[PDB]
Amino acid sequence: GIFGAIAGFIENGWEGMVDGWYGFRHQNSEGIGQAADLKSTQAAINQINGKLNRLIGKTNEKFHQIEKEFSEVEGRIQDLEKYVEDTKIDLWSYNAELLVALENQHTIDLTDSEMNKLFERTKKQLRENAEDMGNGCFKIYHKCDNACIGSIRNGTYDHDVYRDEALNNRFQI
């Protein structure tokens, strides 16, 4: 990915996560838990469904055309009919090959982007109360019970409440 999160500083994915595409794992005094993020998951899904709508279900009506198989040798005219159809098929085959390659590159990039957006979202929430460990994990420098983890997950974590506790633990000798 062009953002370096998926197959990058995120070492690997979570097969135990089945309720979403992106999410949070945490460890605190109350244990170790996992929860999915709905907004980022839905952002990636909607973009991919947008791709499919353009490509799926839309076909073209053709009725009377030219002949494309021949049982007799005719020469000039037949050569042109075969050439026209061969030319057509090669151009459409090229379009199909390029389309899938471009779409797949973009799909991999956009799912990597949603991972990075969630990471950035969370980093800004924590302000000065946490530090990035470099592998997609944050060390939070204050007591973080389950309700406090929940507040980070749905964007209601108030950093001022723990700032004094956190700065003391970060800048201790």
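The first residue of the sequence shown is number 1, and the count goes up from there.
Chemist: Between 42 to 50 and 56 to 64, which has the higher average C-alpha B-factor in the PDB entry?
Modeler: Stretch with the greater average CA B-factor: 56 to 64.
Chemist: Per the PDB record, is the mean Cα temperature factor higher over 102 to 110 or over 141 to 149?
Modeler: Stretch with the higher mean C-alpha B-factor: 141 to 149.
Chemist: State the tercile, meaning the lowest, middle or highest third, of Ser29 with respect to the CA B-factors recorded for its chain.
Modeler: Within its chain, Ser29 is a highest-third residue by C-alpha B-factor, going by the deposited values.
Chemist: Give the position of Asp90 by CA B-factor within its chain, expressed as the lowest, middle or highest third.
Modeler: Lowest third, going by the recorded CA B-factors of the chain.
Chemist: Considering only modelled residues of the same chain, in which third does the CA B-factor of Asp37 rank: lowest, middle or highest?
Modeler: It belongs to the middle third of the chain when residues are ordered by C-alpha B-factor.
Chemist: Looking at the entry's B-factor column for C-alpha atoms only, identify whether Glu128 ranks in the lowest, middle or highest third of its chain.
Modeler: For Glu128, whose C-alpha B-factor we compare with every modelled residue in the chain, the answer is the middle third.
Chemist: Give the position of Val73 by CA B-factor within its chain, expressed as the lowest, middle or highest third.
Modeler: Answer is highest: the recorded C-alpha B-factor places it there.
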